Amino acid sequence: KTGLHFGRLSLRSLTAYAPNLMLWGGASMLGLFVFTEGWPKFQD
Amino acid sequence: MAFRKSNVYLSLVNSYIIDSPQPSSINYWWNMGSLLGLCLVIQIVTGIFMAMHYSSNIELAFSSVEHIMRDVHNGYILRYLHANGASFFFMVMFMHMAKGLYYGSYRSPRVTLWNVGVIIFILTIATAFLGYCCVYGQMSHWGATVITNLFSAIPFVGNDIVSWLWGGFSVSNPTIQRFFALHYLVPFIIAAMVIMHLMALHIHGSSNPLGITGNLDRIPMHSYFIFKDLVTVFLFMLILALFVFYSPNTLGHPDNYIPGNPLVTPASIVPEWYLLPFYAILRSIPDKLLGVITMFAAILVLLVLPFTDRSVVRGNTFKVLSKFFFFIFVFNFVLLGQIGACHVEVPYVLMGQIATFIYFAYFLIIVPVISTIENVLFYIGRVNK
Amino acid sequence: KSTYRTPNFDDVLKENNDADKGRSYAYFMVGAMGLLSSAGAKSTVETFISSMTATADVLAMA
Amino acid sequence: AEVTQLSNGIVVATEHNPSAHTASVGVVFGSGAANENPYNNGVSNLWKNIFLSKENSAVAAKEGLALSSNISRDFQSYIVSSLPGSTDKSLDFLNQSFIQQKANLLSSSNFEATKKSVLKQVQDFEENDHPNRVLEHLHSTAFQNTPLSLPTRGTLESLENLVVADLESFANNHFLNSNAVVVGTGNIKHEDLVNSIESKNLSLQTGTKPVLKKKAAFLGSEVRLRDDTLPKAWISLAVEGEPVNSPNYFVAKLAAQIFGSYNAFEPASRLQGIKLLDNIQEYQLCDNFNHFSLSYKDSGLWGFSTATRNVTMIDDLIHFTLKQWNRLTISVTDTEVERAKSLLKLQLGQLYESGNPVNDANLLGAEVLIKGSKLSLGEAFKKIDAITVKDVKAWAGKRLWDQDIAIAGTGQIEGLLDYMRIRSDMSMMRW
Amino acid sequence: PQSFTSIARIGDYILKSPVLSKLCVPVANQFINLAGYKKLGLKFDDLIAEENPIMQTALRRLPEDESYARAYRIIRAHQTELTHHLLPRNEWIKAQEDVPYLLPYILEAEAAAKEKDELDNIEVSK
Amino acid sequence: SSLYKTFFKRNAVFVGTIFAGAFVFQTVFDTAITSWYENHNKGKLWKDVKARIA
Ligand SMILES: CCCCCCCCCCCCCCCCCC(=O)OC[C@H](COP(=O)(O)OCCN)OC(=O)CCCCCCCCCCCCC
Ligand code: HEM
Ligand code: HEM
Ligand SMILES: COc1c(O)c(C)c(C/C=C(\C)CC/C=C(\C)CC/C=C(/C)CC/C=C(\C)CC/C=C(\C)CCC=C(C)C)c(O)c1OC
Ligand SMILES: CCCCCCCCCCCCCCC(=O)O[C@H](COC(=O)CCCCCCCCCCCC)COP(=O)(O)O
């Protein structure tokens, strides 16, 4: 049988990146706390 | 080989304006790109020679526009060639974004060319606005007050952005004095994004009004479309010279000759006539946060146009339904430039809400639906089964 | 001399390669240069961005 | 087929196969080209050719015996083929070529006429076999200053110093009783092979081959035999793979079966299930590649060799196949393993269980020297039918993800980019 | 971007039904000559945009005698539209000469790139 | 050691350690350089001159 593809990004190539893309969303959330902490913006 | 090909500089001139193979069937709508190149040099040269006399303080802004129009030799020419020529920029450009929307110039392989179009269009809206607030008239103080108070709707970062943007607590001396050094600059960013716009065009070449391949019959640019552009250069110079010498303050608002006073509000604050459609989209949503988004979404909905056009034929030239519904979109865009001028009154709120639904249902609902029906009708009209 | 006899690289080679260590004595000193260039490009942005904020004599008239 | 072993100081291996019509009988030593110093390098390539010399082969052809030998990195081999009714005649010849005597082959007429024959074979190999002299330069720069670096053919600058006294000093140190396995493949019974060696003596030497104090160690490097007067540009590129007798033996072969091999002129090697072909066929970046997993005794290699005429776009051939190597760590699919199982189960069945009994005697001889016995094909299919996609990903981050590579190239390799723009492709930076 | 396999799946459903063929095939005929590519001297399969690689493939599988005439009716259209005229009424493409000559070269290149992607995502059930 | 696997292997967690290591370097190095600069200039600052006005 054929998995769900829709062009390039198939589901099997997306389930293997979603563990790592959860880390890029943390490595960019800490990317904001370097460039904003220095003017009062409280994130919680 | 020839020196126009053998030099490092002249081969950029050669491959762009002399030997560039243009399709031999392009009509006069393909001159609007050459007019916008001329109309950009008109704004820039009549910006440098005008900013040698302009002081940008809030006390000497409006008093030194009148110093240009009264005390400088041919100063009335410069201020009127450039306040009206900026309003001719947006009329040629609106006919340049509507050639490409009609003849299918947004489709692949020219999606890179279309996306630099929307980026140039946003910087040109932002340039002509930032120079409008440099005259410090009554419509320009209360224009900058209404526009930069829309960013006070972003949650929890609203007031800190606006107070950074004003450079104070209201539209005061640091706002006008920074709306000039910015407005001096962004034309040189447009003049670099235009060079990044000819590079996206030069790899695949121009389209042609039939929508078929133009690799068969190609004629050069020199002495053929150089002299087909000189017709519309000398015509655009003519219709500009009527609007500069014979009727110069027709397009602008009369309230912009009142010196800007923050204590007295005018009767109805409107922007200049070309931002008037988007001002009617902004005013249509009965919310402040969604209005800033939808007025910005209305420029960014041009980007979903290469992916919503479901046609195997490039352009609307040989299509009945997708040529009718295109001119409904154009005359809807003119109507939004009219509800932007009327007050917030019955029934210009039911109109401005309906006629902003037709702005968005063109790209998202009409163009995918009537171009799928225009492909089954091209098929079952010929195939006999 | 043949081309199968490699010359004397012994004066520059390490005494123990251990590729979990050599890629950690070298991603430290790349990561340390990245750390000061992220604490040094915050201050370069925050210098120019805070220059556009409300100046001193505007704040006195608040 | 079931192999069988027995030892009395001289270990005897047999794989009886009654449906064949020949019977190879040979002695396989465990001291190949990785047991020589660079001053006697080529003495095992020269011990092959005086076994196959014209004087000695004509004596063998009188009884109907064809001779064959093989000089690899770690094992040598000396096989005598025959008809199945004539196996004891092959041992009687093999006894009187090595064991009973070596002075007839090492005469002054037969030596200098054979050393001149090898010295032409290497000089022909050095400038005409281009995809193989790179793979012998890849070993010479991955394992440099280390006994796995020495070429099996022997260098020409070191081969013209050999006298007979170096041919015999290698014989008294490595052609020993505690080093050899006597293999019999093809139509021969293990009871007939053991009783025939017991009916004769066939005692080679005493024992205690030397120790080889250096151990093989990978050292990431490069070598560029740049030479513009060639039509193509041959390139091999390899990381440190797995040695034999390792738990990651079959995963290193299955990972080299995922990217497989390719030949641009065949119309059926272009439709394979490799994802690399979608990037490599657009501008025709290469003519052929093959992914190998070589596994020697102390260390190994893993990588790919290639050859291309598109010498201006080599740096997209390298970059597009090194990005596919990164997918083994991160996002190798389940189907891309499940075809590489079924291709590895085939091209092992086409290797251990093909026709030729000369080739089956080298594989049986190379196996029972290193790991004491032969792992059967029916029980090496269970090891390939159990490799999951976690085991390939756990192996790939061990050996492939951001590791040092060894490069060797010849031809028009000006377009081949520098080291640190090839080494930097092993780690994706976007993961 | 409409993938002619999908057009012909819809389009053959219309022509097969007796009710819809009586209804919207005369609408389709009046839509064709109102478009007026015949008046420029083109068939429909000159109008299809040739920049996707599926349509770039099907213009190589075309025979020489049809790819020479197709490369002429395009140049007669770039010459007619340049003069802002139409072709004279004898030179117009008639109804019978407007046949889908390039349709079967596309439906065998579309189904050959659909099979290339249905097979590049196959999941083998163990 | 196994320091490579947790920190330097995935680039998403390598650069997430650069930014979380620069968020601590901003707050600490600024306080460590302020508290030295005033301690080297003890007696000249306004916080000390305001204490002499007793
Ligand atoms: C941010 C979003 C931007 C969107 C921009 C919205 C539109 C901006 C308004 C500018 C109007 C520009 C209109 C230009 C229309 C595109 C050009 C065009 O389509 O002209 C060609 C058309 C038919 O010509 P064909 O080439 O298809 O036929 C060939 C047959 N051999 O020729 C014609 O059918 C006649 C063209 C008549 C143009 C009428 C323009 C009306 C302008 C409004 C005035 C309002 C006053 C009431
Ligand atoms: C894309 C290019 C430009 C556009 C669309 C543009 C547009 C405008 C507009 C709409 C105004 C307000 C006119 C009015 O209401 O009187 C204006 C004013 C002005 N602009 Fe530009 N401008 C452009 C480029 C430039 C450049 C390059 C400069 C300076 C070097 C410049 C300097 C000025 C100045 C000094 C004013 C003074 C106010 C006035 O007298 O109108 N402009 N511009
Ligand atoms: C300062 C503003 C601009 C300049 C100088 C400029 C310049 C040009 C020029 C010289 C051409 C070639 C002539 C032609 O094809 O008409 C061109 C083509 C094009 N421009 Fe622009 N442009 C500008 C703004 C825009 C904008 C705002 C858009 C769309 C949102 C746009 C979209 C296009 C497209 C789609 C084409 C290709 C049309 C075709 O050849 O089929 N441009 N541009
Ligand atoms: C695809 O084929 C093409 C094509 O290749 C091109 C180039 C064009 C033409 C388009 C352009 C040329 C647009 C490019 C526009 C720019 C690059 C803008 C640059 C304009 C400037 C005016 C540059 C700024 C320089 C100055 C202002 C210097 C002037 C000096 C002043 C004012 C100071 C004077 C002081 C003293 C003391 C004399 C086409 O129209 C076209 O289609 C036919
Ligand atoms: C830079 C911003 C875009 C500006 C758009 C202008 C596009 C058209 C440029 C026209 C230049 C004409 C030169 C052609 C040429 O030299 O051909 C020359 C001779 O042509 C002529 O003699 C034309 C007479 C001079 C025309 C003067 C026009 C100046 C108006 C300037 C308005 C635009 C700034 C060679 O032509 P030939 O090869 O056919 O022999």
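Structure method, as recorded: electron microscopy, 3.2 Å.
From the backbone N, Cα and C atoms, a Cβ is placed for every residue, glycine too.
Tertiary proximity for the topological domain 'Mitochondrial matrix' (B:1-27) is limited to same-chain residues at least six positions away from its ends with a CB under 8 Å from its CB atoms, namely 198, 202, 205-210, 214, 217-222, 224-226. Annotation source Swiss-Prot lists topological domain 'Mitochondrial matrix' at B:1-27 (among others).
Swiss-Prot lists B:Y16, B:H202 with the feature ubiquinone binding site. Long-range Cβ neighbours of B:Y16 (ubiquinone binding site) (same chain, at least 6 residues apart, Cβ-Cβ under 8 Å): B:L198, B:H202, B:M221.
Among the features that Swiss-Prot reports, transmembrane segment is placed at B:28-51 (among others), with the record citing experimental evidence. Residues 68, 78-79, 81-82, 85-86, 88-89, 92-93, 95-96, 99, 103, 184, 187, 190-191, 194, 206, 209, 225, 228-229, 231-233, 236 of the same chain, all 6+ positions outside the transmembrane segment (B:28-51), place their C-beta atoms under 8 angstroms from a C-beta of that stretch.
DSSP states for the topological domain 'Mitochondrial intermembrane' (B:52-74), grouped as helix (H, G, I), strand (E, B) and coil, give 6 helix, 0 strand, 17 coil. The topological domain 'Mitochondrial intermembrane' annotation in Swiss-Prot covers B:52-74 (among others) and rests on experimental evidence.
Taken from Swiss-Prot, the feature transmembrane segment applies to B:75-102 (among others).
Swiss-Prot lists B:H82, B:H183 with the feature heme b b562 binding site. Classification of B:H82 (heme b b562 binding site) by DSSP places it within a helix.
B:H96 (heme b b566 binding site) counts 20 other C-beta atoms within 10 Å of its own C-beta, drawing on all protein chains shown. The annotation heme b b566 binding site is assigned in Swiss-Prot to B:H96, B:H197 on the grounds of experimental evidence.
The topological domain 'Mitochondrial matrix' feature in Swiss-Prot is assigned to B:103-110 (among others); the stated evidence is experimental evidence.
Here Swiss-Prot flags B:111-135 (among others) as transmembrane segment.
Sequence-distant contacts of the topological domain 'Mitochondrial intermembrane' (B:136-172) (same chain, at least 6 residues past either end, Cβ-Cβ under 8 Å): 58, 61-62, 129, 178-179, 253, 255-262, 265-266, 269-271, 282, 288-289, 291-292. For B:136-172 (among others), the entry in Swiss-Prot reads topological domain 'Mitochondrial intermembrane'.
The transmembrane segment annotation in Swiss-Prot covers B:173-204 (among others) and is backed by experimental evidence.
Across the topological domain 'Mitochondrial matrix' (B:205-223), DSSP assigns 0 helix, 2 strand, 17 coil. Taken from Swiss-Prot, the feature topological domain 'Mitochondrial matrix' covers B:205-223 (among others), and the record attributes it to experimental evidence.
Sequence-distant contacts of the transmembrane segment (B:224-246) (same chain, six or more residues past either end, CB-CB distance under 8 Å): 17, 22, 26, 28, 30-31, 34-35, 38-39, 77, 80-81, 84-85, 88, 92. The transmembrane segment annotation in Swiss-Prot covers B:224-246 (among others) and is backed by experimental evidence.
Marked as topological domain 'Mitochondrial intermembrane' by Swiss-Prot: B:247-287 (among others).
Per Swiss-Prot, transmembrane segment is recorded for B:288-308 (among others), and the stated evidence type is experimental evidence.
Away from its own ends, the topological domain 'Mitochondrial matrix' (B:309-319) comes close to residues 102-107, 207, 209-212, 326, 367-368, 371-372, 374-375, 378 of its chain (Cβ-Cβ under 8 Å, at least six residues beyond either end). The topological domain 'Mitochondrial matrix' feature in Swiss-Prot is assigned to B:309-319 (among others); the stated evidence is experimental evidence.
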Integer Cα-Cα distance in angstrom, B:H183 (heme b b562 binding site) to B:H96 (heme b b566 binding site): 23
Other parts of the chain folded back onto the topological domain 'Mitochondrial intermembrane' (B:247-287), taken as Cβ under 8 Å at six or more residues beyond its ends: 61-63, 80, 83-84, 87, 90-91, 94, 125, 128-129, 132, 135-143, 145-147, 150, 170-171, 294-295, 298-299, 333, 336-341, 343-344, 349, 352-353, 355-356, 359
Candidates B:75-102, B:288-308, B:320-340; stretch with most C-beta pairs under 8 Å toward the transmembrane segment (B:111-135): B:288-308
Winner by Cβ contact number (other Cβ atoms within 10 Å) across the binding-site residues B:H82, B:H202: B:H82
Non-local residues, at least 6 beyond the ends, that sit with Cβ under 8 Å of the transmembrane segment (B:348-364): 280-281, 283-284, 294, 298, 301-302, 304-305, 308, 325, 328-329, 332-333, 335-336, 339-340, 342
Intrachain residues whose Cβ lies under 8 Å of the topological domain 'Mitochondrial matrix' (B:365-385), provided they are six or more past its termini: 305, 308-313, 319-322, 325, 329
The topological domain 'Mitochondrial matrix' (B:309-319), counted residue by residue under DSSP: helix, strand, coil: 0 helix, 1 strand, 10 coil
Number of helical, extended and coil residues in the topological domain 'Mitochondrial matrix' (B:103-110), per DSSP: 0 helix, 0 strand, 8 coil
Spatial neighbours, same chain, of B:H197 (heme b b566 binding site) - Cβ under 8 Å, 6+ residues apart: B:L113, B:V116, B:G117, B:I120
B:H96 (heme b b566 binding site) to B:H82 (heme b b562 binding site) - Cα separation in whole Å: 20
